[PDB]
file work_0.csv (CSV, C-alpha atoms)
chain,number,residue,atom,x,y,z
A,1,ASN,CA,64.1,-135.8,119.2
A,2,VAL,CA,60.9,-134.2,117.9
A,3,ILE,CA,61.7,-131.4,120.4
A,4,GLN,CA,65.0,-130.9,118.7
A,5,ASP,CA,63.4,-131.0,115.3
A,6,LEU,CA,60.8,-128.4,116.2
A,7,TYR,CA,63.3,-126.3,118.1
A,8,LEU,CA,65.7,-126.1,115.1
A,9,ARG,CA,63.0,-125.7,112.5
A,10,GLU,CA,61.1,-123.0,114.4
A,11,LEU,CA,64.1,-120.9,115.5
A,12,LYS,CA,65.9,-121.0,112.2
A,13,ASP,CA,63.2,-120.6,109.6
A,14,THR,CA,61.8,-117.4,111.1
A,15,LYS,CA,62.8,-116.0,114.4
A,16,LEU,CA,60.7,-112.9,114.4
A,17,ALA,CA,57.7,-112.1,112.2
A,18,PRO,CA,57.9,-108.6,110.4
A,19,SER,CA,57.2,-105.4,112.3
A,20,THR,CA,57.4,-101.7,111.3
A,21,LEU,CA,57.6,-98.7,113.6
A,22,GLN,CA,56.1,-96.3,111.1
A,23,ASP,CA,52.8,-98.2,110.9
A,24,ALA,CA,52.6,-98.1,114.7
A,25,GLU,CA,52.4,-94.2,114.7
A,26,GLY,CA,49.0,-94.2,112.9
A,27,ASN,CA,47.4,-96.4,115.6
A,28,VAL,CA,48.7,-94.4,118.6
A,29,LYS,CA,47.9,-90.9,119.8
A,30,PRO,CA,50.6,-88.5,118.8
A,31,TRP,CA,52.1,-85.9,121.1
A,32,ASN,CA,50.7,-82.4,120.6
A,33,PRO,CA,51.7,-79.4,122.5
A,34,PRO,CA,49.5,-77.2,124.8
A,35,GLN,CA,48.4,-74.0,123.1
A,36,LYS,CA,49.5,-70.7,124.5
A,37,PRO,CA,51.6,-70.2,127.7
A,38,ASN,CA,48.8,-67.8,128.7
A,39,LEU,CA,49.1,-64.7,130.8
A,40,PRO,CA,46.3,-63.7,133.2
A,41,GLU,CA,44.6,-60.4,132.2
A,42,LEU,CA,45.3,-57.4,134.5
A,43,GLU,CA,42.4,-57.7,136.8
A,44,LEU,CA,40.8,-54.4,137.9
A,45,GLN,CA,43.8,-52.5,136.6
A,46,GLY,CA,44.1,-48.9,137.9
A,47,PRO,CA,41.8,-46.5,139.8
A,48,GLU,CA,39.2,-46.4,137.0
A,49,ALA,CA,37.5,-49.1,138.9
A,50,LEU,CA,38.2,-47.5,142.3
A,51,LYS,CA,36.8,-44.1,141.4
A,52,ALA,CA,33.8,-45.9,140.0
A,53,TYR,CA,33.5,-48.1,143.2
A,54,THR,CA,33.8,-45.2,145.6
A,55,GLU,CA,31.1,-43.3,143.8
A,56,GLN,CA,29.0,-46.5,143.0
A,57,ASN,CA,29.0,-47.7,146.5
A,58,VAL,CA,29.4,-44.8,148.8
A,59,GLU,CA,27.2,-47.2,151.0
A,60,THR,CA,27.8,-46.8,154.7
A,61,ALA,CA,28.2,-49.6,157.2
A,62,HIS,CA,25.2,-49.5,159.7
B,1,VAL,CA,37.4,-61.8,144.0
B,2,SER,CA,38.3,-58.4,145.4
B,3,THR,CA,36.1,-57.2,148.3
B,4,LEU,CA,33.9,-54.1,147.9
B,5,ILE,CA,34.6,-50.9,149.7
B,6,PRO,CA,31.4,-50.2,151.9
B,7,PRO,CA,32.6,-51.7,155.3
B,8,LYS,CA,35.3,-49.0,155.6
B,9,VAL,CA,32.9,-46.1,154.6
B,10,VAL,CA,30.7,-44.6,157.4
B,11,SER,CA,29.3,-41.1,157.1
B,12,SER,CA,25.5,-41.3,157.5
B,13,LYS,CA,25.0,-43.4,160.6
B,14,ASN,CA,24.9,-40.0,162.4
B,15,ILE,CA,21.5,-39.2,160.9
B,16,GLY,CA,20.7,-42.9,160.4
B,17,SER,CA,19.4,-43.5,163.9
B,18,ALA,CA,17.0,-41.8,166.2
B,19,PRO,CA,19.3,-41.2,169.2
B,20,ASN,CA,21.3,-38.8,167.0
B,21,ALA,CA,18.4,-36.3,167.3
B,22,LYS,CA,18.4,-36.8,171.1
B,23,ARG,CA,22.2,-36.6,171.2
B,24,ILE,CA,22.2,-33.1,169.6
B,25,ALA,CA,19.5,-32.1,172.0
B,26,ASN,CA,21.2,-33.4,175.1
B,27,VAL,CA,24.7,-32.1,174.2
B,28,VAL,CA,23.1,-28.6,174.4
B,29,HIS,CA,20.9,-29.3,177.4
B,30,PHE,CA,23.5,-31.3,179.2
B,31,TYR,CA,26.8,-29.6,179.0
B,32,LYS,CA,25.1,-26.3,179.9
B,33,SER,CA,23.0,-28.0,182.5
B,34,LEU,CA,23.0,-26.5,186.0
B,35,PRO,CA,23.2,-29.0,188.9
B,36,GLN,CA,20.0,-27.5,190.3
B,37,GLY,CA,17.3,-25.1,189.1
B,38,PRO,CA,17.2,-21.5,190.2
B,39,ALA,CA,14.1,-20.7,192.3
B,40,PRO,CA,10.7,-21.8,193.7
B,41,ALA,CA,9.7,-18.0,194.0
B,42,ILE,CA,11.2,-15.8,196.7
B,43,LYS,CA,10.3,-12.2,195.9
B,44,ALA,CA,7.6,-10.3,197.9
B,45,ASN,CA,10.1,-8.5,200.2
B,46,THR,CA,9.0,-5.7,202.6
B,47,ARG,CA,8.7,-8.1,205.6
B,48,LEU,CA,6.4,-10.0,203.3
B,49,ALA,CA,9.0,-12.1,201.5
B,50,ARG,CA,8.7,-14.0,204.8
B,51,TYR,CA,4.9,-14.1,204.4
B,52,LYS,CA,5.2,-15.7,201.0
B,53,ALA,CA,8.1,-17.9,202.2
B,54,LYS,CA,6.1,-19.3,205.1
B,55,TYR,CA,2.8,-19.8,203.3
B,56,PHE,CA,3.0,-19.6,199.5
B,57,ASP,CA,6.2,-21.6,199.0
B,58,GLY,CA,6.3,-25.2,197.8
B,59,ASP,CA,7.0,-26.1,201.4
B,60,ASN,CA,3.3,-26.0,202.2
B,61,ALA,CA,-0.1,-25.0,201.2
B,62,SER,CA,-2.1,-24.6,204.4
B,63,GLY,CA,-5.0,-22.5,205.5
B,64,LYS,CA,-2.8,-19.9,207.4
B,65,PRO,CA,-2.5,-17.3,204.5
B,66,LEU,CA,-6.2,-17.7,203.7
B,67,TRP,CA,-7.0,-16.8,207.3
B,68,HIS,CA,-4.6,-13.9,207.1
B,69,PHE,CA,-5.9,-12.7,203.7
B,70,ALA,CA,-9.5,-12.9,204.9
B,71,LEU,CA,-8.7,-11.0,208.1
B,72,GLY,CA,-7.3,-8.0,206.1
B,73,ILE,CA,-10.6,-7.4,204.4
B,74,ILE,CA,-12.5,-8.0,207.7
B,75,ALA,CA,-10.3,-5.3,209.3
B,76,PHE,CA,-11.1,-2.9,206.5
B,77,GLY,CA,-14.9,-3.1,206.7
B,78,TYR,CA,-15.1,-3.7,210.5
B,79,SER,CA,-13.4,-0.4,211.1
B,80,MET,CA,-15.6,1.2,208.4
B,81,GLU,CA,-18.7,-0.2,210.2
B,82,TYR,CA,-17.9,2.2,213.0
B,83,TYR,CA,-17.3,4.9,210.3
B,84,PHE,CA,-20.9,4.1,209.1
B,85,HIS,CA,-22.4,3.7,212.6

call {"tool": "encode", "arguments": {"input": "work_0.csv", "output": "structure tokens"}}
result
Amino acid sequence: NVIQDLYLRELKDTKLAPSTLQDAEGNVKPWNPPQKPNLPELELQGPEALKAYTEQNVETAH
Amino acid sequence: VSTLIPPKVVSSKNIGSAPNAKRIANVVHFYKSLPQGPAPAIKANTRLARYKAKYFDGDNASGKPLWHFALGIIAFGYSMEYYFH
């Protein structure tokens, strides 16, 4: 009765209330990419270090 | 990170400790060591290497050579007594 009246009135006269996807974007964190793939620097590259190390520590093992 | 290179370097442990000094001593001393020493004296030969051997060796120090040595001087002057008398 009143159930029917409400059911009808409610459903018909506005089903959903307005919404916009564009507005949502502002209020949510946007995807942003990691910066740089990165490559590790060549650690202790070449015998520059070795020649230095042999001389630097010619320290024996006692 | 990458280990240092000291553990695989040795070259002054051979002066680094005291038995190195002893080592270089006893490689010479013992390597050219004889099993036994040479002699406890043995020369005086003329039928007197026996006199030394019996009396003046490490075998004994006893009063027998003393008596003998005394008697030589006694024999000199005792004969000479009758040369003086």

call {"tool": "closest_residue", "arguments": {"input": "work_0.csv", "among": "A:44, A:24, A:19, A:61", "to": "residue 1 (chain B)", "atoms": "all atoms listed in the file"}}
result
A:44

call {"tool": "interface_residues", "arguments": {"input": "work_0.csv", "of": "chain A", "to": "chain B", "cutoff": "8 Å", "atoms": "only C-alpha atoms", "output": "PDB file with C-alpha atoms, in the frame of the given file"}}
result
ATOM      1  CA  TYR A  53      33.500 -48.100 143.200  1.00  0.00           C
ATOM      2  CA  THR A  54      33.800 -45.200 145.600  1.00  0.00           C
ATOM      3  CA  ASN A  57      29.000 -47.700 146.500  1.00  0.00           C
ATOM      4  CA  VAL A  58      29.400 -44.800 148.800  1.00  0.00           C
ATOM      5  CA  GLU A  59      27.200 -47.200 151.000  1.00  0.00           C
ATOM      6  CA  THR A  60      27.800 -46.800 154.700  1.00  0.00           C
ATOM      7  CA  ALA A  61      28.200 -49.600 157.200  1.00  0.00           C
ATOM      8  CA  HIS A  62      25.200 -49.500 159.700  1.00  0.00           C
TER       9      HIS A  62
END

call {"tool": "atom_distance", "arguments": {"input": "work_0.csv", "atom1": "CA of residue 39 (chain B)", "atom2": "CA of residue 56 (chain B)"}}
result
13.3 Å

call {"tool": "atom_distance", "arguments": {"input": "work_0.csv", "atom1": "CA of residue 57 (chain B)", "atom2": "CA of residue 43 (chain B)"}}
result
10.7 Å

call {"tool": "atom_distance", "arguments": {"input": "work_0.csv", "atom1": "CA of residue 73 (chain B)", "atom2": "CA of residue 53 (chain B)"}}
result
21.6 Å

call {"tool": "build_atoms", "arguments": {"input": "work_0.csv", "residues": "region 59-79 of chain B", "atoms": "N, CA, C and O atoms", "output": "short mmCIF file (atom, residue, chain, number, x, y, z; two decimals), in the frame of the given file"}}
result
data_model
loop_
_atom_site.label_atom_id
_atom_site.label_comp_id
_atom_site.auth_asym_id
_atom_site.auth_seq_id
_atom_site.Cartn_x
_atom_site.Cartn_y
_atom_site.Cartn_z
N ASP B 59 6.88 -25.44 200.16
CA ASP B 59 7.00 -26.10 201.40
C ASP B 59 5.66 -26.49 201.95
O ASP B 59 5.50 -27.64 202.37
N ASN B 60 4.63 -25.63 201.80
CA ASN B 60 3.30 -26.00 202.20
C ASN B 60 2.29 -25.11 201.58
O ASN B 60 2.55 -23.96 201.25
N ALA B 61 1.08 -25.69 201.43
CA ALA B 61 -0.10 -25.00 201.20
C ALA B 61 -1.02 -25.37 202.29
O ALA B 61 -1.39 -26.54 202.43
N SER B 62 -1.31 -24.39 203.16
CA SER B 62 -2.10 -24.60 204.40
C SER B 62 -2.94 -23.40 204.48
O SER B 62 -2.73 -22.42 203.76
N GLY B 63 -3.92 -23.44 205.41
CA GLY B 63 -5.00 -22.50 205.50
C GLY B 63 -4.58 -21.17 206.19
O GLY B 63 -5.34 -20.21 206.19
N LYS B 64 -3.35 -21.07 206.75
CA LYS B 64 -2.80 -19.90 207.40
C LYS B 64 -2.81 -18.58 206.56
O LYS B 64 -3.21 -17.56 207.11
N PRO B 65 -2.39 -18.52 205.29
CA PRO B 65 -2.50 -17.30 204.50
C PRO B 65 -3.87 -16.94 204.17
O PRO B 65 -4.11 -15.76 204.00
N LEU B 66 -4.76 -17.93 203.93
CA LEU B 66 -6.20 -17.70 203.70
C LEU B 66 -6.81 -16.97 204.82
O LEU B 66 -7.51 -16.00 204.57
N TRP B 67 -6.59 -17.42 206.08
CA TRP B 67 -7.00 -16.80 207.30
C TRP B 67 -6.50 -15.36 207.34
O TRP B 67 -7.26 -14.43 207.61
N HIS B 68 -5.19 -15.18 207.09
CA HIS B 68 -4.60 -13.90 207.10
C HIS B 68 -5.14 -12.95 206.05
O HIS B 68 -5.42 -11.80 206.35
N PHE B 69 -5.38 -13.45 204.81
CA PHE B 69 -5.90 -12.70 203.70
C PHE B 69 -7.33 -12.28 203.96
O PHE B 69 -7.73 -11.16 203.63
N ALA B 70 -8.12 -13.18 204.57
CA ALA B 70 -9.50 -12.90 204.90
C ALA B 70 -9.59 -11.82 205.95
O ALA B 70 -10.45 -10.94 205.85
N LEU B 71 -8.70 -11.87 206.96
CA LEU B 71 -8.70 -11.00 208.10
C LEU B 71 -8.37 -9.56 207.70
O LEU B 71 -8.83 -8.63 208.36
N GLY B 72 -7.59 -9.35 206.62
CA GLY B 72 -7.30 -8.00 206.10
C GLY B 72 -8.49 -7.28 205.63
O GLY B 72 -8.65 -6.09 205.89
N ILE B 73 -9.38 -8.00 204.91
CA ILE B 73 -10.60 -7.40 204.40
C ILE B 73 -11.61 -7.24 205.47
O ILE B 73 -12.38 -6.28 205.43
N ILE B 74 -11.63 -8.13 206.49
CA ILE B 74 -12.50 -8.00 207.70
C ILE B 74 -12.13 -6.78 208.46
O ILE B 74 -13.00 -6.15 209.03
N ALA B 75 -10.82 -6.43 208.53
CA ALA B 75 -10.30 -5.30 209.30
C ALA B 75 -10.64 -4.01 208.65
O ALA B 75 -10.72 -2.99 209.33
N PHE B 76 -10.93 -4.04 207.34
CA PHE B 76 -11.10 -2.90 206.50
C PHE B 76 -12.56 -2.51 206.84
O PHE B 76 -12.83 -1.46 207.41
N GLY B 77 -13.50 -3.43 206.53
CA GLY B 77 -14.90 -3.10 206.70
C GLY B 77 -15.35 -3.07 208.11
O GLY B 77 -16.32 -2.38 208.39
N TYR B 78 -14.69 -3.77 209.07
CA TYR B 78 -15.10 -3.70 210.50
C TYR B 78 -14.83 -2.34 211.06
O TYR B 78 -15.65 -1.83 211.82
N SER B 79 -13.68 -1.72 210.74
CA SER B 79 -13.40 -0.40 211.10
C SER B 79 -14.32 0.64 210.49
O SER B 79 -14.71 1.63 211.11
#
